[PDB]
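Shown below, as structure tokens, is a lone chain in the form deposited in one PDB entry; questions about how it binds or moves come after it.
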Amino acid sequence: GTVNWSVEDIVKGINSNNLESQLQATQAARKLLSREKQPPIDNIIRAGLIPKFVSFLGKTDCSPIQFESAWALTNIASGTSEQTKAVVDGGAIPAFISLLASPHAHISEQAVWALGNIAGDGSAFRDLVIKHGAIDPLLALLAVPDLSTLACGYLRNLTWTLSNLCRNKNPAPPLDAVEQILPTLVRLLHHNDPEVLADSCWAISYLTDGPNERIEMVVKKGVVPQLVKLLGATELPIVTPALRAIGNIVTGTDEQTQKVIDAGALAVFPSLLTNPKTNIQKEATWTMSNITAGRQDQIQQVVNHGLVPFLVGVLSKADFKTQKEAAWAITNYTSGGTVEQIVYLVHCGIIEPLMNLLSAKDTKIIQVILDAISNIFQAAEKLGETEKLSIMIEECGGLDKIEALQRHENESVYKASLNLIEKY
């Protein structure tokens, strides 16, 4: 019926000056563009249809052609940046923003979706969507007493589109836009739908990916406890963005990092640092490395939560990328820690898995490991116990690795390797 029309016929109907013939041809265009197998986006663009579709967004007396043209334009805008640009260049942003207030919820939702595709192209189109005024009416759709009264799909699309207005950098979204969105975003982050929770966390993750002033806007809204709860979710599509966000926040100030600790995040890391998904393990170890770069009382809280044995475990066996973050987390621990903290590392078994990694290739990890070894030896001295550590390094076959490191392209490796063999 409207199935498998040629572009030629679509064009004839759209050019017919009969609104009902235009509707059938727009539907036939929508069905072609709905096809997962290479939709003919470029053929539709070349046939000159975008400006007609945009004019159809304004036909308030024919809501079905508003819907069909919004859907066809959504799927053109879902393509490449050139394809999204064709939609923007036809005037679609203000026309979609006017449809946010449509009394037809399926049409309002389609306009939300299209504006998400447009804003998801990048920061320039995101900011252009913001400048045309999209935030006020999007937020008004969510200004209800209880989110649970909205249709599940409508809520998910609105959250997803808001997340694209939080996304991307160079520049980051305008500060006033972020402040305007946050209260609603924090409400979505307490909702019970797993897809809404996941997309909300992705949005918070985008907002905390930046300077400490961006982190602070977020932290000051009280989201860290809910992030910590979500970090314990069963569903990995929630854990993954919750963990990204927490990891971003601890790149900030010692005081922002302490909000994460105070909220209980460390108690989740036994699971995170043994998580069967490699990416979770890796991101959890990276986060640990920015916590052990904190204050000594923060290091002490790492120790108290029992996490030093979990870092030994990762050094001992993990994906090579995860092991390298573990090495960083240890080097940072040794650099900022007390003598008592540093010796505890050796008591937990750090030496042997550290040495076994000296036989790696990536020169960076060797420099990171060697810096830790040195920092540990310097703590041994303060106690008069360097010989005991020297023996350890020998019985595990460390010296063997350390000596051969002198034979390394990066003479920095060669420099440190030799210097240690010397003094010890």
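Don't overthink the numbering: it's just position in the shown sequence, from 1. What we label the rigid core is the largest C-alpha set whose atoms superpose within 1.5 Å from one form to the other.
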For this session: Could you check whether 64 to 72 or 378 to 386 drifts more from the shown form in 9 other deposited structures of this protein, using RMS Cα distance once the core is superposed?
Result: 378 to 386
Problem set entry | Mean C-alpha temperature factor, higher of 317 to 325 and 251 to 259 | 317 to 325
Seminar exercise, completed: Ranked by mean Cα B-factor in the entry, 328 to 336 and 138 to 146, top stretch is 328 to 336
Exercise. Between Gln66, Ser34, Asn43, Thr26, where does the Cα B-factor run highest in the record?
Worked result: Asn43
For this session: Would you mind ranking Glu352 by its C-alpha B-factor against the rest of the chain and naming the third, lowest, middle or highest?
Result: highest
Exercise. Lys169: which third of its chain by C-alpha temperature factor?
Worked result: highest
Problem set entry | Third of chain Cα B-factors occupied by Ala70 | lowest
Exercise. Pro211: which third of its chain by C-alpha temperature factor?
Worked result: highest
Problem set entry | Entry-reported Cα temperature factor of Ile391, expressed as the chain third it lands in | highest
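A second form of this protein, the form solved in complex with a partner chain, is not displayed here; the remarks below concern that form.
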Exercise. Would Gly252, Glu283 and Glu325 all count as contacting the partner chain in the deposited complex, using a 4.5 Å heavy atom cut-off?
Worked result: yes
For this session: Given that the partner is absent here, state which listed stretch (304 to 312, 184 to 192, 287 to 295, 263 to 271) has heavy atoms within 4.5 Å of the partner chain in the deposited complex.
Result: 287 to 295
Problem set entry | the partner chain: the contacting residue among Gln341, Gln180, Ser102, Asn212 in the deposited complex [heavy atom, 4.5 Å] | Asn212
